[PDB]
Amino acid sequence: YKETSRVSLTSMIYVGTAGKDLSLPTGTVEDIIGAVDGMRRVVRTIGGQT
Amino acid sequence: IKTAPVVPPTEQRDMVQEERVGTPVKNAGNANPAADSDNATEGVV
């Protein structure tokens, strides 16, 4: 195996010349992350190993 | 005086032999090799 910067697509290229897209409101996933942060369950170690 | 035929010194060789009654374990110098496991209270991956 080699570490060669596996690539994901940088942007959802939207087509259509008129209108608005269907992206989520800009404060929707931010409110979901904040709710998940409140549960304070983030896992960091697997048997002492990070 | 008793002259006796002996074995000439150049036709024999002393060879050191190491006699053991059993093969020592892997952690031979360890009294408790099971204390690395009994003290893994977070787990082992």
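Values for this structure:
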quantity: Search result, residues across region A:11-50 that are in a loop (DSSP other than H, G, I, E, B), within 14 Å of chain B (Cβ to nearest Cβ) and either touching a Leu at 6+ places or on another chain (Cβ under 9 Å) or not small (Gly, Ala, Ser) (or both); calculated: A:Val43, A:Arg44, A:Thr45, A:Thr50
quantity: Hits in chain B (condition: within 14 Å of chain A (Cβ to nearest Cβ) and over 30 Å from the mean Cα position of the chain (by Cα)); calculated: B:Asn39, B:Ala40, B:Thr41, B:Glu42, B:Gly43, B:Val44, B:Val45
quantity: Selection from chain B of residues that are part of a helix (DSSP H, G or I) and touching a helix residue (DSSP H, G or I) at 6+ places or on another chain (Cβ under 9 Å); calculated: none
quantity: A:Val7 vs. criteria surrounded by fewer than 10 Cβ atoms within 10 Å (Cβ to Cβ) and within 14 Å of another protein chain (Cβ to nearest Cβ); calculated: no
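Virtual Cβ from ideal backbone geometry, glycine too; neighbours counted across all protein chains shown. All of the numbers you see were taken from the coordinates with simple rules; none came from a lab.
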